[PDB]
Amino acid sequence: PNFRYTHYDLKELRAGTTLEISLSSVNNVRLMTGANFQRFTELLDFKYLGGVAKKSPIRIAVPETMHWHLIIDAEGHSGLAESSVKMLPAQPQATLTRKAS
């Protein structure tokens, strides 16, 4: 899991119900609907390679053989970059083993 959390299922509450929430240290507090709780549980397992790109072009090597998706996105940024992707052939690689015991 990407980080630890505590989940209170508060069930059905009427608009205007006030939650009084106590905490021992700086942490995030998020009140959400059931649909959004389902989204949250998905994002606990969300993994990817990359991050903020400040130079161009960049190269990223695919780590394992499988179906891959590349996202360019403006999360935390003012706008969406124009982008292009060129798929370069893998270098030949040997598969390693352990040393003979």
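A residue's number is simply how far along the shown sequence it sits, counting from 1.
Sorting the modelled residues of the chain by their CA temperature factor places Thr97 in the middle third. Ranked against the other modelled residues of its chain, the C-alpha B-factor of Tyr8 as given in the entry falls in the lowest third. For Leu19, the recorded CA B-factor ranks within the middle third of the chain. Only modelled residues enter the ranking. In this PDB entry, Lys47 carries a Cα temperature factor that places it within the middle third of its chain's modelled residues. Placement of the Cα temperature factor of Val29 within the chain: lowest third of the modelled residues, per the deposited record.
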